[PDB]
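Before any comments, here is the structure.
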Amino acid sequence: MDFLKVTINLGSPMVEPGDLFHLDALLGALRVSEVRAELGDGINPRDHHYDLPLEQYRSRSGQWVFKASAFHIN
RNA sequence: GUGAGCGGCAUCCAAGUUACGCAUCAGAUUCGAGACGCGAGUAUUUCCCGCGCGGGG
């Protein structure tokens, strides 16, 4: 719906991710945190981590991913 | 539900033992407390001065 660039600045050193660190995963974690603060810790995390403001890419076989690239590490 | 979540670098240990700031050097030569303080002068006048008054022997 719009093309975006996400930049994050660190005040403390982070753990260098062994594998790809994906923007959609972080957004899902933040969404789960929001729904935890709004409902509590009894929620199922798998029921709210796809309610993200990101449009999806679907392939021929129905396999789908979020259009959110993995974080670049400089 | 961020290859996420969970996870003490921690325990013990002597910088200590011996060693001389010591030996040798002139504060010396030169010069007065003795000199100094109106005790001597032998009486009426002018050009100018501070300006009627104050002044130059």
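Just so we're on the same page: first chain in the structure tokens is A, next is B, and so on; residues restart at 1 for each chain, and ligands are numbered from 1 in the order they show up.
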
Kindly assemble as a Markdown table a list of the chain A residues that lie within 7 Å of chain B, each paired with its nearest atom pair and their distance in Å to one decimal, using only C-alpha atoms (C1' of nucleotides), sorted first by chain and then by ascending residue number.
| residue | atom | partner | partner_atom | distance |
| --- | --- | --- | --- | --- |
| A:19 | CA | B:3 | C1' | 6.6 |
| A:25 | CA | B:2 | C1' | 5.8 |
| A:26 | CA | B:2 | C1' | 4.6 |
| A:29 | CA | B:2 | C1' | 6.5 |
| A:32 | CA | B:1 | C1' | 7.0 |
| A:45 | CA | B:1 | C1' | 4.8 |
| A:46 | CA | B:1 | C1' | 6.3 |

Export, as an mmCIF file, in the first residue's frame, the selected residues with N, CA and C atoms.
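Everything below was put into part02.cif:
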data_model
loop_
_atom_site.group_PDB
_atom_site.id
_atom_site.type_symbol
_atom_site.label_atom_id
_atom_site.label_comp_id
_atom_site.auth_asym_id
_atom_site.auth_seq_id
_atom_site.Cartn_x
_atom_site.Cartn_y
_atom_site.Cartn_z
ATOM 1 N N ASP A 19 21.190 -15.736 12.286
ATOM 2 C CA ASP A 19 20.456 -15.874 11.039
ATOM 3 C C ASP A 19 19.740 -14.546 10.769
ATOM 4 N N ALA A 25 8.979 -10.228 11.836
ATOM 5 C CA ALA A 25 9.035 -10.899 13.131
ATOM 6 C C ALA A 25 9.023 -9.892 14.273
ATOM 7 N N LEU A 26 9.793 -8.810 14.143
ATOM 8 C CA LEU A 26 9.799 -7.785 15.180
ATOM 9 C C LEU A 26 8.436 -7.115 15.299
ATOM 10 N N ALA A 29 6.168 -9.455 17.122
ATOM 11 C CA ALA A 29 6.458 -9.460 18.551
ATOM 12 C C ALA A 29 5.876 -8.230 19.234
ATOM 13 N N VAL A 32 2.149 -8.664 19.500
ATOM 14 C CA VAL A 32 1.836 -9.587 20.583
ATOM 15 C C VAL A 32 1.998 -8.895 21.929
ATOM 16 N N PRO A 45 -0.327 -16.531 21.540
ATOM 17 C CA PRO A 45 0.454 -15.600 20.712
ATOM 18 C C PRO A 45 0.288 -15.825 19.223
ATOM 19 N N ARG A 46 -0.071 -17.037 18.805
ATOM 20 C CA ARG A 46 -0.219 -17.323 17.386
ATOM 21 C C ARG A 46 -1.487 -16.727 16.792
#

Discussion item. Based on the backbone DSSP call, show me all residues of stretch 9-58 of chain A assigned strand (DSSP E or B), as a ChimeraX atom specification.
Written reply: /A:22,56-58

Practice prompt. Quote the spacing between atom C1' of residue B:38 and atom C1' of residue B:56 in Å to one decimal place.
Written response: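 These two atoms are separated by 22.3 Å.
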
Worksheet, complete the sentence: Computed gap from atom CA of residue A:54 to atom CA of residue A:72 is 18.4 Å
